[PDB]
């Protein structure tokens, strides 16, 4: 099958910027390539047809170019509504295949997270499980690392996390991490900590509590 590889995988830009996304096909696909825009939770919206033809109603700032194996989508002057993920696609031969997407995010100034730790509730402990939660609030860029320590012991395999979509007003991200333990394990240890690293922190930030 034909692999469609987009570069970059993500891009930060400001309104007014010229943005270029490229797509390399693993085999020649002629001009049989299309481009799409997709926003979180929504179906893709078509932009370019046959490498360079703008679909009816698509704004003139979107243009496509290329043939063979190298294709390019250009936004001449980015608008507020253009922050989204962009995909290329070949329809030259079967199976039709899509690129992996390039996320165009809003550039802002770097912002270190505000870090908060929450112990398990007394209500939950009755159930025989303990969830400890770490919040990293309103940071930028998206890259952050959370490590859990229980009585100074680095934890592995017993946490999960998720990250919000970029905030449409302030351009930040937030991340929530949950460490899950049995009540019996929870009760066996005193100090619960999450250690956070991020470009905006010159050294790691640790928030902790002592059980009880």
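Numbering follows the first chain given and starts at 1.
Student: Can you let me know which of the two, 85-93 or 126-134, has the higher average C-alpha B-factor in the entry?
Tutor: Averaged over C-alpha atoms, the B-factors run higher in 126-134.
Student: Taking the recorded C-alpha temperature factors, which stretch has the higher mean, 182-190 or 60-68?
Tutor: Per the PDB record, 182-190.
Student: Can you tell me which of 28, 166, 50, 38 has the highest Cα temperature factor in the record?
Tutor: Highest C-alpha B-factor among the listed options: 28.
Student: Compared with the other modelled residues in the chain, in which third is the CA B-factor of residue 146?
Tutor: Its C-alpha B-factor belongs to the highest third of this chain's values.
Student: Going by the CA temperature factor in the PDB record, which third of the chain does residue 159 belong to: lowest, middle or highest?
Tutor: Within its chain, residue 159 is a lowest-third residue by C-alpha B-factor, going by the deposited values.
Student: Tell me, lowest, middle or highest third: where does the Cα B factor of residue 172 rank within its chain?
Tutor: For residue 172, whose C-alpha B-factor we compare with every modelled residue in the chain, the answer is the lowest third.
Student: Is residue 121 in the lowest, middle or highest third of its chain when residues are ranked by C-alpha B-factor?
Tutor: For residue 121, the deposited C-alpha B-factor lands in the highest third.
Student: Residue 152's Cα B-factor: lowest, middle or highest third of the chain?
Tutor: Ranked within chain, residue 152 CA B lands in the highest tercile.
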